[PDB]
Structure formats: C-alpha cells, structure tokens
C-alpha cells in the first residue's frame, strides 16, 4: 500500500503541476508507481466526467485516508460559481476534501496565498486556501515552486512528519534563506556595482540587478542554491527576481522593474 494523494485544481494556470513533473529525485513515474498513490489529478488522469468524479469520491472515502494537495486559489464571489468542477463550486469541493485530509499541502503561491487572480482589483474575490477554509496549510510557494521543494515536502510529510514552518507556513528546509544571501552577484551588490539598464555594459558584465528591480533581498527561496531544471535561474539569466514566493507579491513587489 502506497499513501493516497488527492490533488485538486482550483483557480490556477497548471504551472505548478508542470513544475512538479520536472522532479528528477525521484522522477514522476517512480514517484507515482513506487512512493505514492496519486488517486485524482485532472491534468493526467485517464477517467473523465462522472468516472473522474467517481474516482475522486473513491479516494475521499478510502479506508486508509489521504493527503490533500491544492493547486490554485479559491474564487469566492457569487457563491463560488466563477470556478466550478463537475457542477460544484471549487470552494465547496476543497472544503469537503480538506475536512478529513491527513494534511494539506498548498503547491504554489496561488493556493498558499491567493496568487495572480487575487491581485488588485480581484474580480473573482479569490482567496488562499488557509483563509477560505480557516485551517493551517503547508505552503510551498513560488510561481511555480521548485519541484525539489514540492516533492521534498511531500516525501517529508509521508515519512518523517510535518517539517518546521515559518510564520507564512513555508518549510524552513527550502525557504529559510533569502535568495539574495546566496546570489553569485552579491559581491557586486556589496561594491555598489549595479546595472542601470539591460542594454548597458554593466549588464553584459553581470552586475547586480537591484537597480533594475531585483526583489532577491526580500525574497525567501532556494533558487540560486538548487537552480531550476538543473541548469539555470532568473538572475543567472540576467533578469531580476520578482519575489514570486512571497505572499501577494503581485501587489507588494510591483512595479517589478523598480524598487519604489
């Protein structure tokens, strides 16, 4: 028997699902064949419609219980009808699935904190999972988060228990350090060597991107340490950090190309 995992998609772009399948320790096939039982996942599951909905119920009714992964924020306006699956408001199905879950893992800034659809003026009245349900969640933010961080947290929760969280529900294992503190451009920052524009010689020489809006100094994530796709990260590609793992970054980190 492999531990049951129910994965719900709410108000999301599916970038978090995509991030998750970029895992290489283990690869996704090995994860779902050997380590977990992924019992509902709309992006890749075979069943559709009534058959899919029956698959969800079978998982929610499972004798061994289940862990809940939530992707996307919850649109709450008009009784939650602006976001629906199988004729039910997303808020309704997420509430129900969360009630008897062994644990709740929010993959991405959207489920964790509200995300892009919550940004002003928030026409769908989108909320993060913890706010909408009124329960604590394990938050794995980033837009999307590193698969290392998501799979890392899943494994930890299944084997060891709940990992130490910060004030924003993020595992200290992955979000304990500022991006900036591990950035290879830090010497330039310390020396006040800033690129004034993307076309400047300074930018060509790899100068710090702080003057171009880099939110690395206020962003908790492990991007420079672990990289993405085993090859790169935004600052290495010459672009400032957006602060995408911070709550409500869409409204607290903008304008993205300024520090104002």
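Numbering follows the first chain given and starts at 1.
Student: For the higher mean C-alpha B factor in the entry, choose 198-206 or 62-70.
Tutor: Per the PDB record, 62-70.
Student: Return whichever of 21-29 and 238-246 has the greater mean Cα B factor according to the PDB record.
Tutor: Stretch with the greater average CA B-factor: 21-29.
Student: Which of these, 110, 85, 126, 99, has its C-alpha atom at the highest B-factor, as the entry lists it?
Tutor: That would be 99, according to the entry.
Student: Highest Cα B-factor in the PDB entry belongs to which of 223, 55, 218, 212?
Tutor: In the PDB entry, the greatest C-alpha B-factor among 223, 55, 218, 212 is found at 55.
Student: With respect to C-alpha B-factor, does residue 172 fall in the lowest, middle or highest third of the chain as deposited?
Tutor: Within its chain, residue 172 is a highest-third residue by C-alpha B-factor, going by the deposited values.
Student: Taking only the Cα B-factors deposited for this chain, tell me whether residue 115 sits in the lowest, middle or highest third.
Tutor: Tercile = lowest for this residue's CA B-factor.
Student: Give the position of residue 94 by CA B-factor within its chain, expressed as the lowest, middle or highest third.
Tutor: It falls in the middle third of the chain.
Student: Could you say whether, by C-alpha temperature factor, residue 139 belongs to the lowest, middle or highest third of its chain?
Tutor: According to the entry, residue 139 has a C-alpha B-factor in the chain's lowest third.
Student: What third of its chain's C-alpha B-factors does residue 121 belong to: lowest, middle or highest?
Tutor: Residue 121: CA B-factor falls in the middle third of its chain.
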